[PDB]
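Engineer:
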Amino acid sequence: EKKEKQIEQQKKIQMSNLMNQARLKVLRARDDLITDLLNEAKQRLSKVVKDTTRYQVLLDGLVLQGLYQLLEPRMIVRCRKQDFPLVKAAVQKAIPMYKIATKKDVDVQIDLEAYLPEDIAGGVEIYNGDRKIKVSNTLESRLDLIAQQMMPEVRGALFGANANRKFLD
Amino acid sequence: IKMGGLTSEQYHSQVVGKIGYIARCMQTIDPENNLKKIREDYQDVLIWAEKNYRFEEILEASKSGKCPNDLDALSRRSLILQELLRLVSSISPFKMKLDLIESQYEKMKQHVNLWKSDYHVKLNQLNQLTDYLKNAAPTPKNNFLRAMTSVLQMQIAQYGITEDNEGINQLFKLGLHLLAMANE
Amino acid sequence: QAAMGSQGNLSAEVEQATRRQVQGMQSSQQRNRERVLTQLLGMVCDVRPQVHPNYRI
Amino acid sequence: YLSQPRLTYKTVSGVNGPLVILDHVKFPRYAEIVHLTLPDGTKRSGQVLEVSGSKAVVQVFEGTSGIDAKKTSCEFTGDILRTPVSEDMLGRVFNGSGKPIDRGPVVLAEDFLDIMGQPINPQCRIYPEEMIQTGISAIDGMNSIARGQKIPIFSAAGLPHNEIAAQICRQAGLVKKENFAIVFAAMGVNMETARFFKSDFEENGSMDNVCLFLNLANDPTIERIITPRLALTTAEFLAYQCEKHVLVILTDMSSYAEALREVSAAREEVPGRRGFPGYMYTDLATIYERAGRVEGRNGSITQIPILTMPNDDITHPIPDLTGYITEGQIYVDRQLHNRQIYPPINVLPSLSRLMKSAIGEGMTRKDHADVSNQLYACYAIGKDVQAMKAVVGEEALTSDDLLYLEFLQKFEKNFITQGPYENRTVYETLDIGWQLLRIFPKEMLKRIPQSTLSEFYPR
Amino acid sequence: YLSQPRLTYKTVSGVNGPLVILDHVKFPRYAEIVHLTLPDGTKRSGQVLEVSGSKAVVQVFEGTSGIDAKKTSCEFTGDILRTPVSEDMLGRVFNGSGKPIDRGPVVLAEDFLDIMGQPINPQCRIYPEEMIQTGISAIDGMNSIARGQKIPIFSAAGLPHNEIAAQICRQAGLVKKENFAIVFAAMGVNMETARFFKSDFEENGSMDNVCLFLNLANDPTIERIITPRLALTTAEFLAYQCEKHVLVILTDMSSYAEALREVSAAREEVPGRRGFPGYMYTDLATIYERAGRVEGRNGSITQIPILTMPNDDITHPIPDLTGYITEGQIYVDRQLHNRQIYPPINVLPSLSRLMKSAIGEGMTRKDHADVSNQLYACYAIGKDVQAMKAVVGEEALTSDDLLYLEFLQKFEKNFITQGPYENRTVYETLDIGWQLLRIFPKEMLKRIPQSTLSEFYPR
Amino acid sequence: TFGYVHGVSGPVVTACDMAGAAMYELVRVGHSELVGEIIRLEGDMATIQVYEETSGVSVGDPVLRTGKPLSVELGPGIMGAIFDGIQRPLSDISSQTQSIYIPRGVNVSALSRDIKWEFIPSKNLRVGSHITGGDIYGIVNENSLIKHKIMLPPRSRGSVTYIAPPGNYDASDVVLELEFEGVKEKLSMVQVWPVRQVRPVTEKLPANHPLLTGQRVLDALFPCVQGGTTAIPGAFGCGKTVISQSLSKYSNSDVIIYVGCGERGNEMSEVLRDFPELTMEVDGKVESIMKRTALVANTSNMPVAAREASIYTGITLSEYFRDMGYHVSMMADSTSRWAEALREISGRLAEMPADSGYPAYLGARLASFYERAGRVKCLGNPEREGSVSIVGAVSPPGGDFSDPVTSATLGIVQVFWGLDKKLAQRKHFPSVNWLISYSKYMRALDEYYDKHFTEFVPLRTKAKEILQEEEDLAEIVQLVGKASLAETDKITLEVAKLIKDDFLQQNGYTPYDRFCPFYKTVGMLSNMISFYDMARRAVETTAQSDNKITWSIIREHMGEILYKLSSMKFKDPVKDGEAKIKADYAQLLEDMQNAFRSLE
Amino acid sequence: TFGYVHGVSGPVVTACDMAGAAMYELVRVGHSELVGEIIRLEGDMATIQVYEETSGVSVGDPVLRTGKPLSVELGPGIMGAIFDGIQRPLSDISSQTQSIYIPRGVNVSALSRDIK
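Chains as they are written, first to last, in the authors' numbering: chain I, 58 to 226; chain S, 8 to 191; chain M, 60 to 116; chain D, 39 to 215, 225 to 506; chain F, 39 to 215, 225 to 506; chain C, 17 to 616; chain A, 17 to 132.
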């Protein structure tokens with residue numbers, strides 16, 4: 058009986074371990090689908106960047122968002138080389154709106170000396186005058202900051218809501 | 008996030024290390040690609056060396072998941088070749104036959120936990136006898152050990168280590184008693 | 060011998076269940092992907108800059 | 039949702055022990071999470087331990103080794119610590135801060151919950167009622183746990199309290215006279240014991256139910272502080288939202304209180320009694336009292352804190368306060384352990400103040416309370432007789448006292464003693480209890496009513 | 039050598055107990071020495087406890103009474119405290135700070151040594167194996183000293199630790215089958240103790256070998272920080288350079304520790320147990336650990352501190368840390384003294400960690416270790432039985448317990464009790480130990496091997 | 017580039033112009049270049065622990081700024097060395113300065129750069145071959161016992177561009193040279209590792225193999241294991257000396273590392289004197305134990321900072337040889353005297369203390385030290401598995417069991433061989449308190465026992481049961497008297513005395529009991545427990561009957577048997593064979609069976 | 017009027033611009049209006065022992081100064097009521113917020129104004 062119980066115990070361990078690896082495998086497949094979705098999102102953002110007309114408005118948003126988050130008196134906008142005219146326009150429009158909404162005087166320079174890497178999808182990084190404080194409004198950063206918050210809704214939309222979850226508080 | 012306690016960077020460098028090491032162990036045990044079943048079992052990791060690559064190329068592929076990159080599976084698969092390599096090397100004057108080598112490999116692969124195995128213990132004892140002799144001086148103790156371990160290597164060549172051959176068991180016991188006995 | 064044999068059947072069973080679940084997941088994703096992606100990109104593009112709610116003057 | 043982009047400061051103005059002081063911070067939040075990059079590329083999380091004006095004191099989870107002014111960057115995540123919760127984490131193993139360590143994926147959140155949670159409204163909490171069976175006869179029969187009770191397993195260093203916890207995790211479940228879940232949370236558990244938990248739950252099929260959090264003895268003590276809160280946040284999600292009865296097994300709350308001490312001393316508060324903070328009562332209460340049944344939701348949260356009592360002193364702040372907040376005590380006992388009895392649960396000082404709700408007809412069985420009382424009485428009288436035996440001698444003993452000695456032997460050998468992998472339903476524990484009570488003729492079972500004696504005693 | 043003129047500052051910025059905080063000091067040097075001219079010409083000395091920018095926190099040895107800002111002139115000597123040393127320091131009496139008070143001239147330096155003492159390489163420190171025949175049987179038979187051991191005499195207020203130390207000084211010599228120089232650092236010893244020690248060293252004609260550093264009770268209470276360092280520096284000069292065997296006595300390490308406490312409180316350092324500075328362990332180690340032999344050199348330093356245990360609490364920080372640092376403590380016991388047993392050495396809480404390798408064949412005798420162990424065991428058991436006798440009375444005791452009680456009585460009467468002028472050779476002490484062990488039958492001497500039982504027991 | 021000293025208070029030196037200095041970086045203070053370690057930062061001012069006496073440092077003194085944390089050199093040369101707490105070789109300092117003192121700011125290199133080590137490359141390596149952290153790219157014939165397997169440093173990688181041919185090389189010679197992403201890295205035989213950073217491992221494994229000390233009490237009732245964590249008090253006549261040296265002379269450990277965290281000066285001079293004199297049998301030749309041991313001496317008067325770093329240096333050397341693949345064993349002479357350094361440094365830094373004054377992070381520090389133990393699957397390509405057993409002595413004030421270091425230790429260590437002062441005073445050695453000492457490795461080792469010593473586990477359980485029953489019975493015996501005891505109680509007492517005096521008692525200084533192999537230990541316990549079983553069988557079977565058997569009969573009937581059960585301890589493996597001892601113990605069992613059968 | 021939070025260290029909040037605040041007056045810290053008690057004044061600052069968890073309070077958060085010390089609201093509606101020690105009505109919190117938790121910084125009127 059003890060020997061038979063040895064065989065049964067090994068059977069139990071093997072079934073348990075196999076089922077556990079299967080569980081993790083399905084969960085990792087799900088994570089892989091989500092990663093695929095986010096890579097697709099990054100490529101779509103690159104496609105948007107290709108289109109200047111919307112990209113100019115998007116930069117008008119991002120630059121001013123950086124200015125609002127920093128609220129410094131002297132500031133430096135760092136952008137990709139490809140984008141320089143667009144970021145120039147964005148800063149030129151952003152300065153008056155910054156003045157009006159914050160009442161502060163401000164001096165915004167564009168860092169022609171050192172652009173962002175050409176691989177970056179887009180967006181800007183706004184440093185304060187001494188470059189000790191940085192707000193990273195590049196499109197990859199924004200997409201991450203958005204997707205990580207979106208995951209609950211992404212899980213719900215892609216894989217169907219949880220039917221066990223009766224109450225939401 | 009850490010995998011196995013190693014930062015993923017170190018983890019993938021280790022994967023590339025195992026790949027290169029399995030390549031080396033194959034190149035050592037079988038330069039003439041005689042061991043075909045083993046070659047096929049290790050084709051997936053060997054391919055990255057049978058086709059030349061940069062270390063950083065293999066590392067990029069691993070970090071992307073294109074390589075075989077489950078470090079535990081790689082460790083198991085490498086240990087099988089490593090123990091087989093020790094078997095063949097520690098009897099180098101008496102190199103054994105190809106079908107026997109493949110049988111050894113197959114039994115080792117089947118073994119549940121090779122490192123903790125009696126198959127590994129016997130190799131360790133054979134190495135204990137052999138390594139002692141690489142610098143031993145002429146004296147009756149060392150002459151008797153040389154003779155007894157040479158016949159032990161012959162017997163290992165004949166019967167592998169999967170077989171608990173009684174001749175080999177006796178040779179181990181007596182050789183180790185002789186080794187443990189004081190030189191005086 | 061029964062233990063040696065039946066565990067192959069059990070392995071086939073568990074892998075079959077895993078494959079079914081992965082297929083269901085992939086199907087659901089390939090169906091809802093477009094409407095998730097358009098929303099996600101629209102939300103990325105909608106900037107809405109604001110000063111910190113504690114700002115004074 | 040937080041749209042605004044994060045501010046990353048290189049303005050580190052000091053590094054004093056586990057704290058990094060940053061200055062010129064814009065509107066710092068207290069308890070804000072920070073991700074700070076060391077000069078050499080490494081990354082470490084931190085929690086804004088304190089705030090003042092434009093300054094922020096960041097308790098870096100890992101040590102401050104290698105941090106410097108002028109090159110360390112420090113991204114402020116703009117929100118308090120939040121745990122992602124789902125059912126998917128039921129059947130996973132995580133480290134102290136929610137990172138998976140089972141080589142699975144990062145959790146795909148069903149929600150983000152603030153790990154401090156909120157106190158359950160006392161006018162919404164309900165009485166626990168039905169039983170949670172642990173399989174361990176010594177507590178199912180004699181100290182049963184009602185759904186929503188918080189009952190700690192006191193134990194000294196060296197006793198098998200970890201093994202008992204693992205057995206409870208592997209065996210527990212509803213009395214089934225399938226919506227049950229377990230949240231194991233090991234604080235300050237040494238590597239070998241953590242590996243024991245992980246591999247045991249993986250091997251014995253229970254992992255489907257068990258979400259296991261591990262804070263190794265050498266993981267950051269701040270991760271130790273936040274592990275019980277992660278455990279209980281997941282438990283609240285699985286109980287009061289997924290409506291499944293959860294059992295939370297917090298392990299080594301002494302190792303948690305040591306981390307609390309470390310964080311207090313880092314804050315530079317003066318010590319309270321026995322070196323522990325003054326507010327340890329409120330804190331341990333915040334952990335424990337995230338339990339119990341709630342009106343209008345068919346789930347619950349049971350807790351089983353596990354305490355390493357220093358010096359075996361039941362007056363020590365940890366066990367004293369834990370007794371104040373919790374509703375019982377289960378003693379793992381050194382004399383039993385040395386005699387090599389397992390589970391060495393000493394049922395004389397053990398108690399379950401809400402056992403009276405977990406038993407009776409429709410919950411365990413008609414005779415549960417009576418058998419528990421009678422077994423306790425006969426065990427205590429047997430211990431008395433065993434103390435007396437060595438003084439008066441065996442042949443000076445009366446036949447009734449010999450019956451009690453035999454009962455003592457067989458209660459310590461057949462009922463208390465279980466072996467790690469033997470799972471006994473409450474019904475089986477009761478039948479073993481009856482097999483022991485039949486050592487006595489009915490007239491000696493004076494605490495059992497006749498209406499029960501006549502029904503159960505024969506056979 | 040230092041050719042540059044010394045800077046003299048009238049810049050005192052504070053006076054605070056024993057401290058004097060300066061300001062505008064040019065490049066202060068920590069542990070520097072300072073000569074304070076007070077307003078009235080009185081010239082004191084002090085050591086720079088800490089420097090910070092332009093500040094220095096002097097610690098004035100002869101106290102701060104009478105010091106004032108704006109007129110006290112501190113000359114900064116430019117170097118750490120380098121004391122003179124010469125062989126003719128043997129046969130002198132110096133005050134706490136090493137100035138002469140025997141009406142002889144100052145010490146014409148044979149060399150200058152830093153009172154801290156340059157640390158010795160553990161790889162070329164020799165192991166002390168030559169047993170000192172102190173003559174006191176309570177030491178030689180059971181807690182023997184070896185030439186090089188740091189072996190403090192723990193004692194308490196009112197016990198005869200002075201008499202014990204004087205007896206050891208006048209009787210110590212190597213085992214027969225090299226005459227000790229003495230270096231005696233009196234700290235906080237009242238005039239009666241200082242004059243007792245001095246008159247005894249003259250009475251035994253030893254003065255040509257004794258170098259007294261007195262810091263009486265009424266002498267300033269910071270000077271006794273450096274008095275033991277002066278004593279051990281002269282001891283090191285005599286031992287590791289002049290090749291003499293030196294026995295260092297330190298009269299009250301508790302007075303030293305209390306001077307340390309005074310300074311620590313004056314500096315407002317974070318204080319350790321019982322208010323003493325946290326670094327007391329290190330600072331006492333720098334005093335004790337200057338004993339022992341060294342290769343090449345033929346000299347050696349034996350070291351016999353003396354501790355007054357406050358409230359007789361051997362767990363008090365001074366005795367506790369001295370027991371961590373020193374190789375075992377001789378222990379003088381009030382319960383014996385009140386019974387009028389001189390020397391009141393209690394052999395149970397006292398040990399000599401270098402005894403084990405300083406006794407045996409060829410060194411003292413074959414039976415030394417066994418007699419020591421057996422007497423210790425019999426004494427311990429006798430004390431336990433004596434505790435029991437009070438509870439159960441002499442009727443309930445077994446005849447074996449009575450044997451033990453008789454052994455305890457005759458052991459205190461014959462073995463410990465000893466004439467203050469009687470030096471029992473180690474051989475005589477062993478014979479007297481056997482005389483007691485032979486109270487017992489051979490079967491009850493379990494700690495003596497059969498060979499050394501048969502050889503010695505029956506004679 | 018380099019700052020300036022700005023304050024000095026004992027071993028704490030505040031230094032200005034340290035603008036970018038990194039926490040726990042090493043600095044060279046003073047004109048003598050004392051070694052120091054940054055322990056705090058404020059603006060541009062660092063605060064520097066100094067590992068050497070500061071008396072005589074002055075404000076304005078240059079504080080040079082080495083860009084590396086406290087790091088220990090690991091390479092051929094360790095084995096046999098006597099190291100100062102921070103890796104300085106005391107023997108080389110002596111031989112080099114030709115005097116007995118340690119000069120302040122002495123800067124002799126940790127490993128001799130003059131020795132021509134014999135280096136043999138791993139044969140299968142080649143130009144362009146890929147290697148990764150932990151790979152054994154060569155082996156050095158350090159001495160006849162240890163073959164120093166040279167490993168690529170962890171956090172290193174790439175394709176080999178030059179691997180030196182077999183030969184003789186200095187510790188400085190470039191022995192290998194490899195490239196990664198176009199940057200070249202030149203490697204010599206000595207690497208540098210920050211002592212405070214865990215040396216990485218591929219996978220930690222359960223510690224399921226026993227580490228036999230010499231003591232029957234420890235090997236049987238409280239087993240230690242390969243890679244096990246242990247705590248012991250610093251007793252006298254036992255403990256530090258007996259166990260350490262016995263493990264040294266013989267045990268399952270392939271390398272022994274010692275660290276005298278706060279050792280008394282003369283006790284350290286004892287260890288440094290005994291260890292180079294001890295020898296062991298290996299392959300029938302007596303070989304020194306310093307060919308496979310390393311000592312980290314830190315006497316109590318050496319600076320507090322070094323007293324702290326001693327433990328870390330020792331454990332890092334142990335982890336280095338673990339990575340090579342050995343079953344290393346580390347003995348830390350006083351984690352209590354280490355906690356003193358932590359306490360003192362915290363006080364000097366002005367931090368808030370906790371229980372008894374210790375810094376609140378004492379638990380975390382002790383964890384970071386101990387949890388580097390265990391059996392590990394080493395990094396790198398050639399598969400291997402070493403281990404690092406850790407045995408850390410504790411010394412609470414007056415034997416207090418609430419002392420925070422002892423408590424934090426108990427919370428970490430899987431084995432605890434507590435101390436019984438009553439036994440110590442009786443001179444019963446070992447003095448292990450077999451009632452509150454514990455070992456949590458029994459669950460693991462039961463497998464090894466069921467494979468090698470299948471009978472040992474029930475013997476262990478019954479021995480513990482007997483000891484506990486005797487403990488219970490003595491409380492009555494002293495309160496009332498022995499008259500009321502039954503025969504079973506008498507046999508329990510009179511077998512517990514046998515166990516406590518003739519099995520759990522070991523004279524570590526005699527030739528026969530300096531070390532008790534496990535076959536001897538299990539044979540002894542088997543005989544004693546068999547005697548217990550058969551005596552209880554006789555009395556139980558003949559109870560409630562007229563032909564009553566009693567202990568009073570058994571003792572007189574077979575007094576010889578009891579004498580031989582007592583004398584079992586004296587068998588000497590060094591001259592008596594394993595076969596002889598096993599046969600003798602089986603013959604004693606036979607005699608016991610005959611005597612019992614005749615009494616029946 | 018409003019003060020502003022100037023520091024947060026656990027429950028101890030430190031508020032600026034509180035010139036007129038009365039000692040042991042109650043204040044509502046933060047946007048969630050957590051309750052706190054002024055345990056100290058200094059200059060025109062104030063130290064506020066915040067009763068509820070402070071996690072998430074930030075510098076610059078408005079501090080609404082209640083005009084009265086810890087006080088109970090006495091009037092019709094007490095009878096049959098359940099109150100937390102601070103006079104928070106639990107039988108109305110649960111009913112109005114339809115949740116099993118006491119919302120952090122809840123501000124339910126102790127005695128219902130709605131019921132005639």
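Ideal Cβ positions, reconstructed from N, Cα and C, are used throughout, including at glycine.
1. Measuring straight from C-alpha to C-alpha, what distance separates residue 191 (chain I) and residue 350 (chain D)?
2. Between the Cα of residue 81 (chain F) and the Cα atoms of F:90, F:99, F:93 and F:91, which residue gives the shortest distance?
3. Considering only C-alpha positions, which residue in the set D:416, D:333 and D:131 is nearest to residue 474 (chain D)?
4. Quick check on residue 143 (chain C) - is its C-beta less than 8 Å from some C-beta in chain S?
5. Using 10 angstroms around the beta-carbon of residue 220 (chain C), count the other beta-carbons present and answer buried if the total reaches 16, otherwise exposed.
6. Tell me the DSSP bridge mates of residue 535 (chain D)?
7. Verify the CB distance criterion: does residue 88 (chain D) have a CB-CB separation below 8 Å to chain A?
8. By how many angstroms is the C-alpha of residue 433 (chain D) removed from the C-alpha of residue 427 (chain D)?
9. By DSSP, does residue 268 (chain D) sit in helix, in strand, or in coil?
10. Give the interface partners of residue 18 (chain C) over in chain D, defined as CB-CB distance under 8 Å, in chain order.
11. Need the endpoints of the alpha helix (DSSP H) that residue 335 (chain D) sits in, please.
Structural biologist: Taking the definition as stated:
1. Residue 350 (chain D) has its alpha-carbon roughly 45 Å from the corresponding atom of residue 191 (chain I).
2. Nearest C-alpha to residue 81 (chain F) among F:90, F:99, F:93 and F:91: F:99.
3. D:416
4. no
5. Buried: at least 16 other Cβ atoms inside 10 Å.
6. Residue coverage of chain D in this structure runs from 39 to 506, which leaves residue 535 (chain D) outside it and unanswerable.
7. yes
8. So the alpha carbons of these two residues sit roughly 10 Å apart.
9. Reduced to three states, the DSSP call for residue 268 (chain D) is helix.
10. Going along chain D, no residue has its Cβ under 8 Å from residue 18 (chain C), so there is no contact; the nearest lies around 15 Å.
11. 327-335
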